[PDB]
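Participant: The structure is given below, and queries will be raised subsequently.
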Amino acid sequence: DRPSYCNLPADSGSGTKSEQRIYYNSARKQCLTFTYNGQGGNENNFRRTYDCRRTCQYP
């Protein structure tokens, strides 16, 4: 089944970094980019598009 966090909106978190990450947008059925600040946030946060697809898009 699709992991529950795949349904959460992207969360930039906190910190002094500026990292491009990937999240699953369930309404758009797409893995999309967002800016992560380096700490916190939620688990809908992938370093590689392919990992978002394997985990969330095609569970």
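Scheme for the structure tokens: letters A, B, ... for chains in order shown; per-chain residue numbers from 1; ligand numbers from 1 in order shown.
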Report as a PyMOL selection string: the residues of chain A with a DSSP assignment of strand (DSSP E or B), based on the backbone of this structure.
Facilitator: chain A and resi 14+19-25+30-36+39+46
Participant: Grab the residues selected above and save them as a compact mmCIF listing (two decimals), in the first residue's frame with N, CA and C atoms.
Facilitator:
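Dumped to selection.txt:
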```txt
# COMPACT_ATOMS: atom_id res chain seq x y z
N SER A 14 13.39 23.44 8.70
CA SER A 14 14.20 24.53 9.22
C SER A 14 15.66 24.29 8.87
N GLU A 19 18.25 22.90 -0.20
CA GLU A 19 18.45 21.62 -0.88
C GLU A 19 17.23 21.30 -1.73
N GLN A 20 17.45 20.99 -3.01
CA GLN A 20 16.34 20.56 -3.85
C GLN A 20 16.01 19.11 -3.51
N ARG A 21 14.78 18.88 -3.08
CA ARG A 21 14.31 17.53 -2.78
C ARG A 21 13.07 17.26 -3.62
N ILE A 22 12.61 16.02 -3.57
CA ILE A 22 11.47 15.53 -4.33
C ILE A 22 10.39 15.11 -3.35
N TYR A 23 9.14 15.42 -3.67
CA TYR A 23 8.01 14.91 -2.91
C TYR A 23 6.95 14.38 -3.88
N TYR A 24 6.12 13.47 -3.38
CA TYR A 24 5.01 12.94 -4.15
C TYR A 24 3.80 13.84 -3.98
N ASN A 25 3.29 14.37 -5.08
CA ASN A 25 2.06 15.15 -5.08
C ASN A 25 0.93 14.22 -5.50
N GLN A 30 2.32 13.04 -9.46
CA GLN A 30 3.64 13.41 -9.95
C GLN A 30 4.60 13.54 -8.78
N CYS A 31 5.86 13.20 -9.02
CA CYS A 31 6.95 13.49 -8.09
C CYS A 31 7.56 14.83 -8.50
N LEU A 32 7.53 15.82 -7.60
CA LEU A 32 7.88 17.19 -7.93
C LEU A 32 8.97 17.73 -7.00
N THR A 33 9.59 18.84 -7.41
CA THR A 33 10.68 19.43 -6.62
C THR A 33 10.14 20.39 -5.56
N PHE A 34 10.88 20.49 -4.46
CA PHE A 34 10.67 21.53 -3.45
C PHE A 34 12.00 21.85 -2.78
N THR A 35 12.04 22.98 -2.08
CA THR A 35 13.25 23.44 -1.40
C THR A 35 13.19 23.05 0.07
N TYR A 36 14.18 22.29 0.51
CA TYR A 36 14.28 21.82 1.88
C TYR A 36 15.38 22.59 2.61
N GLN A 39 16.61 20.57 7.94
CA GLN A 39 16.20 19.90 9.16
C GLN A 39 14.68 19.79 9.22
N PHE A 46 12.52 13.11 -0.70
CA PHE A 46 13.40 12.17 -1.37
C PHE A 46 14.55 12.93 -2.02
```
Participant: Looking at only C-alpha atoms, which of A:42, A:37, A:49, A:57 is the one that sits closest to residue 18 in chain A?
Facilitator: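 Between A:42, A:37, A:49, A:57, the residue approaching residue 18 in chain A most closely is A:37.
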Participant: Please provide as a list in words all residues within 12 Å of residue 26 in chain A, with the sequence filter that same-chain residues fewer than 4 positions apart are discarded (counting only C-alpha atoms).
Facilitator: residues 2, 3, 4, 5, 6, 7, 8, 9, 10, 30, 31, 32, 44, 52, 53, 56, 57 and 58 of chain A
Participant: Restrict the selected residues to C-alpha atoms and save them as a PDB file, in the first residue's frame.
Facilitator:
```pdb
ATOM      1  CA  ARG A   2       1.029   3.627  -0.481  1.00  0.00           C
ATOM      2  CA  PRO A   3       2.906   4.906   2.618  1.00  0.00           C
ATOM      3  CA  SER A   4       0.810   7.378   4.575  1.00  0.00           C
ATOM      4  CA  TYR A   5       3.366  10.184   4.342  1.00  0.00           C
ATOM      5  CA  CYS A   6       3.036  10.200   0.531  1.00  0.00           C
ATOM      6  CA  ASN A   7      -0.220  12.133   1.183  1.00  0.00           C
ATOM      7  CA  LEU A   8       1.445  14.995   3.129  1.00  0.00           C
ATOM      8  CA  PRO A   9       2.263  18.362   1.540  1.00  0.00           C
ATOM      9  CA  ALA A  10       5.924  19.189   1.068  1.00  0.00           C
ATOM     10  CA  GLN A  30       3.636  13.415  -9.952  1.00  0.00           C
ATOM     11  CA  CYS A  31       6.952  13.495  -8.094  1.00  0.00           C
ATOM     12  CA  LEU A  32       7.881  17.194  -7.928  1.00  0.00           C
ATOM     13  CA  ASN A  44       7.639  12.917   1.914  1.00  0.00           C
ATOM     14  CA  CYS A  52       9.958   8.852  -4.893  1.00  0.00           C
ATOM     15  CA  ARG A  53       8.529   6.881  -7.821  1.00  0.00           C
ATOM     16  CA  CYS A  56       5.066   6.575  -3.493  1.00  0.00           C
ATOM     17  CA  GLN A  57       4.033   6.497  -7.137  1.00  0.00           C
ATOM     18  CA  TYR A  58       4.245   2.711  -7.760  1.00  0.00           C
TER      19      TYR A  58
END
```
Participant: Which residue out of A:55, A:40, A:29, A:45 has the minimum interatomic distance to residue 16 in chain A when only C-alpha atoms are used?
Facilitator: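 Closest candidate: A:40.
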Participant: Write out as a VMD selection string all residues of chain A that backbone DSSP assigns to alpha helix (DSSP H).
Facilitator: chain A and resid 49 to 52
Participant: Store the residues of this selection in a file with N, CA, C and O atoms, as a PDB file, in the first residue's frame.
Facilitator:
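New file out-v1.pdb:
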```pdb
ATOM      1  N   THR A  49      14.438  11.496  -7.694  1.00  0.00           N
ATOM      2  CA  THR A  49      13.118  11.246  -8.268  1.00  0.00           C
ATOM      3  C   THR A  49      12.789   9.756  -8.318  1.00  0.00           C
ATOM      4  O   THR A  49      11.675   9.347  -7.984  1.00  0.00           O
ATOM      5  N   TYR A  50      13.746   8.922  -8.737  1.00  0.00           N
ATOM      6  CA  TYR A  50      13.464   7.492  -8.859  1.00  0.00           C
ATOM      7  C   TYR A  50      12.983   6.888  -7.542  1.00  0.00           C
ATOM      8  O   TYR A  50      12.130   5.998  -7.537  1.00  0.00           O
ATOM      9  N   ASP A  51      13.532   7.343  -6.417  1.00  0.00           N
ATOM     10  CA  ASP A  51      13.138   6.778  -5.131  1.00  0.00           C
ATOM     11  C   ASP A  51      11.719   7.186  -4.770  1.00  0.00           C
ATOM     12  O   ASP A  51      10.963   6.390  -4.200  1.00  0.00           O
ATOM     13  N   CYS A  52      11.341   8.425  -5.090  1.00  0.00           N
ATOM     14  CA  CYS A  52       9.958   8.852  -4.893  1.00  0.00           C
ATOM     15  C   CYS A  52       9.006   8.004  -5.731  1.00  0.00           C
ATOM     16  O   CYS A  52       7.948   7.578  -5.256  1.00  0.00           O
TER      17      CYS A  52
END
```
